[PDB]
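A short worksheet on the structure shown next.
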Amino acid sequence: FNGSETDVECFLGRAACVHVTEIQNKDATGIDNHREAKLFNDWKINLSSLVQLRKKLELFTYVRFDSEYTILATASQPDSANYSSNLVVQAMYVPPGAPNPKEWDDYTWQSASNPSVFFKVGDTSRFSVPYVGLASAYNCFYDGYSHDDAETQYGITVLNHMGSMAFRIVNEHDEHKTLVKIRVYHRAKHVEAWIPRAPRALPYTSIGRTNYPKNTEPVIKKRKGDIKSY
Amino acid sequence: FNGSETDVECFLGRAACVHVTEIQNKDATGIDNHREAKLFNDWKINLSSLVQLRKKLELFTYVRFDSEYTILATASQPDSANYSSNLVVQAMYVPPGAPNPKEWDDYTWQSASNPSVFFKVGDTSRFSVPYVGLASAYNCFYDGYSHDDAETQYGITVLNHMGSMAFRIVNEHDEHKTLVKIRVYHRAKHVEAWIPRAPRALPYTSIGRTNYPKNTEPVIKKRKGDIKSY
Amino acid sequence: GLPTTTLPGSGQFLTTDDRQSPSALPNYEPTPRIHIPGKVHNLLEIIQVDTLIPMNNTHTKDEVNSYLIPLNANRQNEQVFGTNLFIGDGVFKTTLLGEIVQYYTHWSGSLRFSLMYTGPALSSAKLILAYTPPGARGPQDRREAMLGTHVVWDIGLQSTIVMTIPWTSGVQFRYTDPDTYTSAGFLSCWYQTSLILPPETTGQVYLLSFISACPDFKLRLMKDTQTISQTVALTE
Amino acid sequence: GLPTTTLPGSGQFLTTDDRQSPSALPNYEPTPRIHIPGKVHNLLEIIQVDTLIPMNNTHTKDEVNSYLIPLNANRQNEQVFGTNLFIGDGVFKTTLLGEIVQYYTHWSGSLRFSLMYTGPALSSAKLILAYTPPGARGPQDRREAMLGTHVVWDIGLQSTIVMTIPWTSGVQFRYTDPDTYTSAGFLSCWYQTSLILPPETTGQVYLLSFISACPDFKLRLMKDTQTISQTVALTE
């Protein structure tokens with residue numbers, strides 16, 4: 001049938017929870033909790049977290065996306081009571097090949113041409129980031145380092161980077177506690193896949209490196225008795 | 001290509017944070033904090049603040065805008081708790097050649113033909129101010145004073161004024177503290193540029209006067225060794 | 001100027017709904033589409049390939065010998081194969097057809113069982129392999145298999161044996177929930193005669209068994225596919 | 001009368017989204033558009049102009065002599081030029097092509113290197129200038145440069161030397177993140193012979209080097225362009 005059920009576009013185009021995070025806004029410095037998960041967060045997007053622990057995309061070799069990040073932010077601190085008074089959240093898609101913020105009140109939240117959105121807490125925002133790929137397809141499964149020269153990092157192959165999401169709060173006034181949970185749902189459009197690949201045996205042990213984990217249990221099942229079935 | 005990526009309209013047409021400010025409303029006089037940043041604010045718009053400290057527009061000599069100020073106002077005082085109960089904010093685009101308010105409860109907030117808008121705190125408002133230019137293009141980079149006669153001010157050349165934004169609160173009742181942060185994002189449409197100009201060496205030291213700052217560090221880089229590279 | 005109403009289900013966030021959304025990079029040409037081989041439009045052409053079946057997976061640690069059906073001499077009218085045809089379970093679970101049918105739900109379609117012999121050129125054997133449909137108790141010996149839809153396609157001149165597996169609709173589709181019911185189909189093989197080894201062979205020969213789906217295959221609903229009760233949030 | 005739905009992403013404020021907005025001065029004729037020369041539609045015609053290159057910027061304080069490549073007599077088979085062709089870094093950073101390529105991101109296109117001699121009319125010299133492509137180690141002397149794509153275009157009858165710089169695609173574009181890798185291109189010049197000065201010259205002559213982009217140039221994504229880690233909020 002020519003029905004979009006078992007084709008590739010329906011196959012990968014569902015929206016899945018990636019990158020649960022939890023931020024707040026307190027003060028300039030205030031109480032010494034600034035850097036780890038508070039006042040801002042950068043993700044450095046990678047579908048390597050929870051696309052069923054990298055399976056359906058790893059079934060193919062070469063893909064091309066057109067992503068739709070739908071950021072669902074919510075107020076973990078009782079929104080029913082308060083902790084939501086115009087709590088405007090700022091998202092930001094920092095493209096690959098651009099500097100990353102590492103502070104809440106930092107210059108690259110307001111800089112030039114960095115796509116940033118603002119929405120109410122407890123509401124959503126829909127994106128459409130086009131195919132930001134260095135290669136003509138996303139090399140999800142690549143053999144080779146970056147150079148025999150200086151060589152950027154290692155065969156993680158972050159050269160075909162997709163982007164980097166940044167989330168922060170524009171608010172003030174340390175007298176109180178708030179907490180905001182942000183949950184982004186990636187969805188891929190117009191997915192064009194190439195070069196089918198045999199599936200993995202184990203759940204993985206690394207991102208980027210196609211390593212199979214040590215100390216394994218048997219992935220295949222013993223016969224219930226002998227070759228004699230039933 | 002005839003694609004709007006490296007053309008002039010895409011080049012300058014991005015929206016940037018200019019004029020962060022912070023106002024409130026307390027009472028008629030009340031506690032003696034009235035004049036500086038409280039109860040109202042006038043800007044006297046000038047793209048000379050943070051268009052990457054006047055660079056891409058200074059790369060050309062003659063421009064013509066069609067501006068879209070998008071005023072983002074927010075309640076710095078915990079909006080999550082309260083401090084937002086129908087906090088209607090009044091913006092106002094005072095055109096060039098018109099008197100400027102200097103008081104919250106002043107006559108030229110309600111006067112005749114001064115474009116003023118009202119919106120909820122934590123929401124936005126979109127404008128389109130047409131090309132308000134004395135000359136046929138904005139003389140961003142001008143040589144000459146205003147007269148050899150009386151002479152208006154100096155070669156700042158505020159004769160090609162763009163406008164003056166005014167922000168205030170229509171509310172009452174001193175028993176409490178509120179604070180409102182207002183952040184306007186200018187965006188230029190239909191940008192027509194003329195007469196390319198060599199870029200500056202240093203970040204600037206004045207607005208209007210093309211002065212290069214004293215006590216400079218070397219803007220150009222020494223060779224790593226000799227004319228022998230690598 | 002344009003009057004409008006509300007709709008209940010406003011502020012709704014369907015995860016699954018195809019809505020066009022505005023672009024964060026509204027004006028940016030991407031890296032252009034080039035032609036690279038092996039373009040795929042469907043999982044049907046993925047599962048069109050005979051992979052292999054681990055049938056001799058009755059040893060504890062998993063090795064290469066998990067696919068080698070062991071064939072000895074001087075045995076006849078006794079067991080060679082034997083399997084329930086429940087793909088997604090048992091010995092078919094770890095085929096490509098395995099995790100594909102573990103992906104979807106209720107399925108339909110005929111199959112393409114293949115079979116291939118690994119032995120010497122001057123060796124002969126007759127192997128009856130028999131299919132019994134779902135809902136029928138599988139045969140107990142070569143006799144009862146021969147009264148079934150018996151297939152010989154012998155060994156000694158022909159090595160590659162393919163048999164299509166016709167699909168029959170039970171309750172309109174196939175049950176895709178984990179049970180050990182015995183109405184899924186049954187395929188098994190018997191020595192019609194003893195294996196005739198070449199002189200001073202002194203060992204074992206093996207068979208290789210493949211499986212795939214014929215173009216009649218069908219996959220209908222999609223599921224979550226836990227398979228390990230999955231949750232890992234490790235990011236680098 | 002007109003039923004409608006919601007959309008998630010309501011109350012959204014995209015900074016970058018082209019939406020028509022209502023006018024604060026809905027009825028006001030502006031100062032009318034007149035014709036003034038030098039109308040520009042693209043940055044390509046901005047970077048079409050050969051500006052100059054500071055090559056002798058090896059003195060500490062910046063003066064006029066930063067662009068004067070110094071040429072002495074009685075030296076041959078030794079260094080004149082030498083540069084990595086990484087625009088946006090090193091000696092090309094402070095050209096107009098410099099801050100333009102610092103504005104955008106990944107780029108493409110051939111270039112137009114120019115070169116011009118500042119000396120006496122009755123003076124002669126042979127100067128081999130050589131290009132080595134990105135991914136190749138640059139030559140060590142006039143010998144190894146001559147086995148490269150050597151260019152002489154000598155001094156004594158011709159002053160203005162232009163050489164096009166062909167672009168080659170590496171990993172589909174050029175890396176635009178700050179590293180000191182050595183696969184960006186390499187251009188350098190050597191005395192093929194010693195400089196023949198006129199009698200009682202007693203000094204130095206210089207060369208002037210320009211750079212621009214051929215119409216094949218391309219600029220793809222836009223960036224923030226800090227360059228000083230910029231923040232100044234001074235208003236008057």
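Which entries of B:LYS224/D:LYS61; A:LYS55/A:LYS228; B:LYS120/B:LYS177; A:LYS38/A:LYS189 have Cα-Cα distances beyond 27 Å here? From B:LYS224/D:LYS61; A:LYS55/A:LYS228; B:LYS120/B:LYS177; A:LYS38/A:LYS189, over 27 Å: A:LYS55/A:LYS228; A:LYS38/A:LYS189.
Pull out a ≥ b ≥ c, the square roots of the eigenvalues of the alpha-carbon gyration tensor of chain A, then state rounded if a/c is under 1.5, prolate if not and a/b is larger than b/c, and oblate in the remaining case. Don't jump to the answer; show the numbers that get you there.
On the way: a/c = 1.92, a/b = 1.66, b/c = 1.16.
Here chain A falls in the prolate category.
So how do A:108-115, C:111-118 stack up, highest first, on mean other-Cβ count within 10 Å?
Details: A:108-115: 21.4, C:111-118: 18.9.
The packing order, highest mean first, is A:108-115, C:111-118.
Between A:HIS176, A:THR124, A:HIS147, the Cα set farthest toward the positive side of the dipole of the range A:123-230 (charges on each charged residue's Cβ, about the Cα centre) is that of A:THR124.
Given +1 on the Cβ of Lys and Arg, -1 on the Cβ of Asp and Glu, and no further charges, what dipole in debye does chain A carry about its Cα centre, rounded to the nearest 20?
Values: 27 positive and 26 negative charges, 279 e Å.
In total the dipole reaches around 1340 debye.
Per-residue Cβ counts within 10 Å, from other chains only, averaged over B:211-218: what number is that?
Numbers: counts 0, 0, 0, 0, 0, 2, 1, 6.
Mean partner-chain Cβ count within 10 Å for B:211-218: 1.
Closest approach of any chain B Cβ to the axis that rotates B onto A belongs to B:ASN82, 6, distance given in whole Å. Annotation for B:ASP106, label-to-label distances across the other copies: 4.0 nm (shortest first, one decimal, point 7 Å from Cα along Cα→Cβ).
Qualifying chymotrypsin sites (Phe, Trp or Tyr not before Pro) in the range B:132-206, where qualification requires a DSSP coil assignment and no more than 16 other C-beta atoms within 10 Å, comprise B:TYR145, B:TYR154. Across the range B:207-218, computed HN-Hα scalar couplings (Karplus, 6.51 cos²θ - 1.76 cosθ + 1.60, θ = phi - 60°) run 9, x, 7, 7, 9, 9, x, 6, 6, 6, 8, x Hz from first to last residue, x flagging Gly and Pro. Per the rotation superposing chains C and D, the chain C residue found at the smallest beta carbon distance from the axis is C:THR4, 4, distance in Å. With label points defined 7 Å past Cα in the direction of Cβ, position A:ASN33 shows copy-to-copy spacings of 2.8 nm, given to one decimal and shortest first.
When only C-alpha pairs under 8 Å and at least 6 residues apart count, what is the relative contact order of chain D, in percent? Provide the component values of the computation, followed by the final result.
On the way: 398 pairs, mean separation 74.7, N = 236.
Computed value for chain D: 32 percent relative contact order.
Within the range D:5-104, the GluC sites (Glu not before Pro) that combine a DSSP coil assignment with at most 15 other C-beta atoms in a 10 angstrom radius are D:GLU45, D:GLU63, D:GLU78. Between D:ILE34, D:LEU71, D:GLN192, whose Cα lies farthest towards the positive end of the dipole of chain D when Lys and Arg beta carbons carry +1 and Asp and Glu beta carbons carry -1, centred on the Cα centre? Positive-end residue among those listed: D:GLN192.
Rounded if a/c is under 1.5, else prolate if a/b is larger than b/c, else oblate: which is the protein assembly as shown, with a ≥ b ≥ c the root eigenvalues of its Cα gyration tensor? It comes out oblate by the Cα gyration axes.
Dividing the C-alpha radius of gyration of the range A:51-151 by 2.2 N^0.38 Å, with N its residue count, gives 1.44. Loop-located GluC sites (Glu not before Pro) across the range B:127-218 with a Cβ neighbour count of 13 or fewer within 10 Å are B:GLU151, B:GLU172, B:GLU175, with loop assigned by DSSP. Largest mean-square fluctuation among C:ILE36, C:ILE128, C:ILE69, in a Gaussian network model of chain C whose springs join Cα atoms under 10 Å apart, belongs to C:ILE36. Dipole size of chain C about its Cα centre, with +1 on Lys/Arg Cβ and -1 on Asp/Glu Cβ: approximately 420 debye, rounded to the nearest 20.
Count charges around C:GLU29 for me, please; just the other residues with Cβ under 12 Å from its Cβ, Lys/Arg as +1, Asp/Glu as -1. Could the numbers behind the result be given before it?
Working: positive: C:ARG33, D:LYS218, D:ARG220; negative: B:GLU5.
So the environment of C:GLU29 carries a net charge of +2.
Relative contact order for the range C:66-198: 44 percent, from Cα pairs under 8 Å spaced at least 6 residues apart, divided by residue count. Taken about its Cα centre, the range D:1-76 carries a charge dipole of about 80 debye when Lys and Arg each add +1 at the Cβ and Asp and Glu each add -1 at the Cβ.
Each value in this text was obtained by applying a stated rule to the coordinates, not by laboratory testing. Note: ideal-geometry Cβ built from the backbone for every residue, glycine included; neighbour counts use all protein chains shown.
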